[PDB]
Amino acid sequence: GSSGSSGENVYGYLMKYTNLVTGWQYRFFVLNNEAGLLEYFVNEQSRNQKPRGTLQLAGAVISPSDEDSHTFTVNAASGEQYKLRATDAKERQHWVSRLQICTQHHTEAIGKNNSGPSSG
């Protein structure tokens with residue numbers, strides 16, 4: 001594989017499945033390498049605003065579909081899959097890969113539980 005020495009925030013407009021009637025709906029997404037949580041907002045103008053929903057990656061699995069050029073799903077250890085669509089066929093490999101690494105780099109990092117008997 002490739003060691004990602006540097007780590008930058010991954011974000012991009014993806015299409016999330018809201019329902020059958022409506023189908024797909026373009027939306028903004030922002031990955032959190034620090035925390036390790038995948039959030040999403042109605043749009044980019046809703047960055048500082050409260051997020052609509054969050055999905056845990058730690059212990060998740062990425063399954064890139066083959067139906068359409070740009071398509072992929074983000075599973076979750078708990079039991080929740082996400083349906084998104086990359087901007088293009090080139091950006092698809094970016095998200096899938098990036099995430100596939102965030103889900104592991106984290107799930108693996110999670111170990112010794114150091115509550116912290118000392119703060120401030």
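Residues numbered from 1 in each chain as written, not as in the entry; some residues may be left out. Heavy atoms only, no water.

The record lists solution NMR as the method behind this PDB entry.

Draft legend 1. Quick peek at the pairing of strand β1 (residues 11-19). Note that β1 and strand β2 (residues 23-31) share eight bridges and pair antiparallel. Looking at the pairing, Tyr17 lines up with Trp24 of β2. Linking β1 back to β2 in an antiparallel pair, the connection comprises three residues. (Pairing = 2+ DSSP bridges. Helix = DSSP H or I, 4+ residues; strand = E, 2+ residues; numbered from the N terminus.)

Draft legend 2. Quick look at the sheet that holds strand β6 (residues 72-74). If you trace the three strands from one edge of the open sheet to the other, you get β5-β6-β7, paired in antiparallel fashion. A strand with exactly one partner marks an edge of an open sheet, and here the two such strands are β5 (62-63) and β7 (82-84). Pairing analysis gives two bridges linking β5 to β6, with the strands arranged antiparallel. The partner of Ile62 across the bridge, within β6, is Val74.

Draft legend 3. Just the nonpolar core, in detail. With 19 residues, the main nonpolar core has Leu31, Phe72, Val74 and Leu99 as its most contacted residues. Residue contributions to this core peak at four residues, all from helix α1 (residues 89-109). Leave out the neighbours within four places in its chain, and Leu31 touches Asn9, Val10, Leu37, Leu38, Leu57, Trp95, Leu99 and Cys102. (Core = buried A, V, L, I, M, F, W, Y, C linked by side-chain atoms within 4.5 Å. Buried < 20%, exposed > 50% of the residue type's maximum accessible area, 1.4 Å probe, protein only. Contact = heavy atoms within 4.5 Å.)

Draft legend 4. Up close: the sheet that holds β2. An order of β1-β2-β3-β4 is seen for the four strands of this open sheet, with the pairing classed as antiparallel. The outermost strands of the open sheet, each flanked by one partner alone, are β1 and β4 (53-56). Taking each pair of neighbouring strands and ignoring which way they run, the sheet shows an average axis angle of 40°. Here β2 runs beside strand β3 (residues 37-41); their pairing, made up of four bridges, is antiparallel. (Axes fitted to C-alpha atoms, helices over the stretch in contact; angles between N-to-C directions.)

Draft legend 5. Main features of the environment of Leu31. With respect to the secondary-structure elements, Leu31 resides in strand β2. Distance in space between the C-alpha atoms of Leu31 and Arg98 is 9.6 Å, their sequence separation being 67 residues.

Draft legend 6. Local environment of the packing of aromatic side chains. On inspection of all chains with the given rule, the structure shows three aromatic pairs. Measuring from centroid to centroid gives 5.5 Å for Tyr17 and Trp24, while their planes differ by 85°, and the two rings are edge-to-face. Consider the rings of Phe29 and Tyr40, whose centres lie 5.4 Å apart with planes at 25°: the pair is stacked. Of this pair, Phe29 sits in strand β2 while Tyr40 sits in strand β3, placing them 11 residues apart in sequence. Summarising the burial analysis for this pair, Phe29 and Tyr40 share the class buried. If you follow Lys16 out to its NZ or CZ, it ends over the ring of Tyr82, 5.8 Å from the centre. One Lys or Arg, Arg47, reaches over the ring of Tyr11 and ends 5.9 Å from the middle of that ring. (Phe/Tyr/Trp six-rings, centres within 6.5 Å; stacked < 30°, edge-to-face > 60°. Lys NZ or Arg CZ within 6 Å of the ring centre and 35° of its normal.)

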